[PDB]
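Notes for the one structure printed next.
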Amino acid sequence: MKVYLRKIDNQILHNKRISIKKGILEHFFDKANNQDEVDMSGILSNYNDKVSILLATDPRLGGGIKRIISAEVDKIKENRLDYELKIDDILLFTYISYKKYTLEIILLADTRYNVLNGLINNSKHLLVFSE
Amino acid sequence: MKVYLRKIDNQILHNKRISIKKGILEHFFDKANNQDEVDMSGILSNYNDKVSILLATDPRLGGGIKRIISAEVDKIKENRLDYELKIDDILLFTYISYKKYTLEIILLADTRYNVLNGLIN
């Protein structure tokens, strides 16, 4: 299994597309080419959409990436009435199969947060491998 | 950076080695070739050694890997004398930078264990 952890920052909260480093493009998104697409779905919402790899300037996720995130935020708001996606929340991407992924938001309040935040340490990006 | 989580199982204990699968070789050990070495230190011990990637005959970690693991075991034994590496303990490898790694044993009782085991499963 492989997982990609990304901490939310103002650039994500503001921009329409999330930047990723080259290591992530190769080791997690399978060396994708510009304008390639992968399927991605949100864990709480089962909202599924197409997310694009944009390699101009630097590697970025686009397409449906923010709609998936927003759908997950919508599910969390059902239980956490006053919740907005915020800085230092963690995005957890799971590789399912080739060009298929899942996405989950790890809140500060989540029981997994301290350990996952512990692993991310200083970076904003981390790949976690197992098996 | 990246992290590789390897649960101790009966194969590791029986075969007395950490096998290397193709995906881990490519994405965590940077497509190392046979006999390439990386630096690796144990977290609790700060014991530093060289770990070889041995692809001939049975792909595996080699070189100093056994000395790093036991050095961590020895640190754990300071506070739990009967501790031995056991099934379901988790090996936490961290990629620091190119050819440079750290290793830590996560026991069942470590407060990090349940969350890390959750990722594995």
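Here the protein sequences line up with chains R and Y, keeping their order. Our numbering numbers the first residue of the first sequence as 28 and each following residue consecutively. Our numbering numbers the first residue of the second sequence as 5 and each following residue consecutively. Note that beta-carbon positions come from the ideal geometry of N, C-alpha and C, so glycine has one too.
Exercise. Kindly confirm or deny that the region 139-149 of chain R and the region 108-124 of chain Y touch, where touching means at least three C-beta pairs closer than 8 Å.
Key: yes
Quiz item: If you measure from the beta carbon of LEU134 of chain R to each beta carbon in chain Y, is any gap under 8 Å?
Solution: no
Quiz prompt | Delimiting residues of the alpha helix (DSSP H) encompassing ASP78 of chain Y | solution = 69-83
Quiz item: How many angstroms separate the CA atom of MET67 of chain R from the CA atom of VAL155 of chain R?
Solution: 18 Å
Quiz prompt | Extent of the continuous alpha helix (DSSP H) to which residue 231 of chain R belongs | solution = Residue numbering for chain R in the displayed model covers 28 to 158; residue 231 of chain R lies beyond these limits and cannot be assessed.
Quiz item: Going by other Cβ atoms of all chains shown within 10 Å of its Cβ, with 16 needed for buried, is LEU32 of chain R buried or exposed?
Solution: buried
Practice problem: Could you say which of Y:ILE16, Y:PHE32 and Y:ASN38 lies nearest to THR61 of chain Y if we only look at CA atoms? | Solution: Y:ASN38
Practice problem: Could you check which residue in R:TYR74, R:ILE70, R:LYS43 and R:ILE80 has the C-alpha nearest to that of residue 22 of chain R? | Solution: In the structure displayed, chain R extends from 28 to 158; residue 22 of chain R sits before or after that span and is not available.
Practice problem: Hey, could you find the ends of the alpha helix (DSSP H) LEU95 of chain Y is sitting in? | Solution: Run containing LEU95 of chain Y: none in the alpha helix (DSSP H); it sits in the beta strand (DSSP E), 94-101.
Quiz item: Quick one: any contact between the region 37-54 of chain R and the region 9-26 of chain Y, if contact means 3 or more CB pairs under 8 Å?
Solution: no
Quiz item: If we cut at 8 Å on Cβ distances, does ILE24 of chain Y have a partner in chain R?
Solution: no
Exercise. Return the CA-CA distance between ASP63 of chain R and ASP76 of chain R, expressed in angstroms with no decimal places.
Key: 14 Å
Quiz item: Would you report the Cα separation of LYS58 of chain R and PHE120 of chain R, rounded to the nearest angstrom?
Solution: 16 Å
Quiz item: Near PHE32 of chain Y, which residues of its chain fall below 8 Å by C-beta distance, leaving aside the five closest residues on each side in sequence?
Solution: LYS6, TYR8, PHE97 and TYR99
Quiz item: Can you list, in chain order, the residues of its chain whose CB lies under 7 Å from that of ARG64 of chain Y, leaving out five sequence neighbours each side?
Solution: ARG21, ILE22, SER23, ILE24 and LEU58
Self-check item: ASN37 of chain R to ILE132 of chain R span [Cα, whole Å]
Solution: 16 Å
Practice problem: Out of R:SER150, R:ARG107, R:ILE114 and R:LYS34, point me to the one whose CA is closest to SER101 of chain Y's CA. | Solution: R:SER150
Self-check item: Bounding residues of the beta strand (DSSP E) (the contiguous stretch that carries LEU29 of chain Y)
Solution: It is not in any beta strand (DSSP E) - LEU29 of chain Y instead sits in the alpha helix (DSSP H) that spans 26-31.
Exercise. Check the Cβ of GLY122 of chain Y against every Cβ in chain R and list those closer than 8 Å, keeping chain order.
Key: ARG139
Exercise. Pull up the distance between the alpha-carbon of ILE117 of chain R and that of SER157 of chain R, whole angstroms please.
Key: 20 Å
Quiz item: Going along the chain, which residues of the region 84-108 of chain Y sit with their C-beta nearer than 7 Å to a C-beta in chain R?
Solution: none
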